[PDB]
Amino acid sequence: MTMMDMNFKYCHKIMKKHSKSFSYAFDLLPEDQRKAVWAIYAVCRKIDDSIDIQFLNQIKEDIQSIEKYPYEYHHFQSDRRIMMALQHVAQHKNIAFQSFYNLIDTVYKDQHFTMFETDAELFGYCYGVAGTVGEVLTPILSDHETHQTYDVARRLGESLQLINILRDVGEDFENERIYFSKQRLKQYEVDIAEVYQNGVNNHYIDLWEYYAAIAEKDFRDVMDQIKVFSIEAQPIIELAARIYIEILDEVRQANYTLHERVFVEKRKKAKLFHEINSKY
């Protein structure tokens, strides 16, 4: 195990600790591509957590060091192991650094969190925080990147974020956050705090299912265009997607509770993989 291998293994650990789903799916990639993914993930994770600001500027500065001096040795201010891995990746693939900066800008913003007036700002947030992740991963998951590849990855990520939001309504409220748009909360006649006190009702379902139908529709457009990705990645991406979709059912299964996080059992993930793995 070379030093660089240790670095990637740190990145691996960060990823299976914090997101079982993507980990389960992406680890199935060929050695070289999964390592790149581990590394992009860990950099993203670390951006997400820089909250609990000084450390976020340090991450941004490290990323810029790499962008403009890929082959020079840096003394990273943030996480050496993560940045060493990221720099190794960038030496071999065309990383969209602007997407990292988009992601970071979006995270700065969260500490001024103001509810979204309209779905459009909700969608722009889904871009900044997840669509950007899709863009960064594109060169890993396809041989010849075209605007179409980026577009599909962008849409997949935004759709996954949306599911994430659909799943964490409860937890998110507690942390003083709501991602449903004022526009759409007025329209559907819905007060989060109220439902978080008195359980669900027909108006909440409707609002929730309204957003769910959106995620689900982006999902299919993505599956329809799965072909933009490399052959080895298509089944993995689809598996990753199908798992996050299945979380939609889980939430209905638990009658949309806002007091517990639902999840897809590892065993069910393998079932989906088989379903998918069968015809590939």
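The first residue of the sequence shown is number 1, and the count goes up from there.
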If the chain runs straight from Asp52 to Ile53, say none; otherwise bin the unmodelled deposited residues as 1 to 3, 4 to 9, or 10 or more. 4 to 9
Identify the stretch, either 77-85 or 188-196, whose C-alpha atoms have the larger mean B-factor according to the entry. 188-196
Which is higher on mean Cα B factor in this entry, 33-41 or 235-243? 235-243
Quick one: which of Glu121, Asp168, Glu174, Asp151 has the biggest Cα B-factor according to the entry? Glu174
Which of these, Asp105, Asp206, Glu135, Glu158, has its C-alpha atom at the highest B-factor, as the entry lists it? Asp206
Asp218's Cα B-factor: lowest, middle or highest third of the chain? highest
According to the PDB entry, is the CA B factor of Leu56 in the bottom, middle or top third of its chain, that is, lowest, middle or highest? highest
Chain-relative C-alpha B factor for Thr114 (record values, thirds): the highest
Lowest, middle or highest third: where is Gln225 by C-alpha B factor in its chain? middle
Consider only the C-alpha atoms of the modelled residues in this chain, order them by B-factor as the entry records it, and name the third containing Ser99: lowest, middle or highest. lowest
